[PDB]
């Protein structure tokens, strides 16, 4: 499986990992005027998951299953154990990690659900090297008190980074300078609006690239920039792929 290990975790290897993850998720994608790939849809369950391995500093590895339709995690495996989100596709357990002791986590793979269960928000959850490593560990041993924040960390450092070059870049900075950070409005506004941007971009085909609704994306100075068309570089050179939304 595509993988990343803490024993070789540099800006270059992280970048390559993210690049490859995007490539894999975009196999068979569709394209519109914007030229931003649109993830597959109506994918048969036997093919709906992309597995990626992450190894911590202890040579302990977890395998995460990513739904290729939405670039979200559905479950993961650690040794002979597996854990599925409540909202994982109902038939997933028959397709992935079948030869393990399967468990269902009492929460959904969404930030909202994870933050409620863990009692901690993304704004208050540090990201960086230490956190990536620790998150893999917490998931490997399934320490319940740290599972929710571990997903907040990994979802953002892996999946949201795949979705947005801006987020990938934040993580790169964190690795290069070994400086941890918490996401600010700029990063959170992207995560929040991925599906909405996907819908507007696709819908804009009928309106000369203009959106039906404006989306507020914040900059690093905490200023909101209204993105009401495809003509903003902060969108078109940033969002790497989209969720399928329109015929």
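Numbering follows the first chain given and starts at 1.
Engineer: Quick one: higher average CA temperature factor, 200-208 or 183-191?
Structural biologist: Higher of the two, by average CA B-factor, is 200-208.
Engineer: Pick between 106-114 and 168-176: the one whose mean CA B-factor in the entry is higher.
Structural biologist: That would be 106-114.
Engineer: Among 94, 151, 132, 73, where is the Cα temperature factor highest, going by the PDB entry?
Structural biologist: Of 94, 151, 132, 73, 94 has the highest C-alpha B-factor.
Engineer: For the listed 161, 79, 127, 139, which has the peak Cα B-factor recorded in the PDB entry?
Structural biologist: If I rank 161, 79, 127, 139 by C-alpha B-factor, first place goes to 79.
Engineer: Can you work out whether the C-alpha temperature factor of residue 238 puts it in the lowest, middle or highest third of the chain?
Structural biologist: Lowest third.
Engineer: Going by what the PDB entry lists, where does residue 231 fall on CA B-factor within its chain: lowest, middle or highest third?
Structural biologist: Ranked within chain, residue 231 CA B lands in the lowest tercile.
Engineer: How does the C-alpha B factor of residue 156 compare with the rest of the chain: lowest, middle or highest third?
Structural biologist: Its C-alpha B-factor belongs to the lowest third of this chain's values.
Engineer: Comparing against every modelled residue in the chain, figure out the third that the C-alpha B-factor of residue 46 lands in (lowest, middle or highest).
Structural biologist: For residue 46, the deposited C-alpha B-factor lands in the highest third.
Engineer: Would you mind checking where the Cα B-factor of residue 68 ranks among the modelled residues of its chain, as the lowest, middle or highest third?
Structural biologist: Tercile = middle for this residue's CA B-factor.
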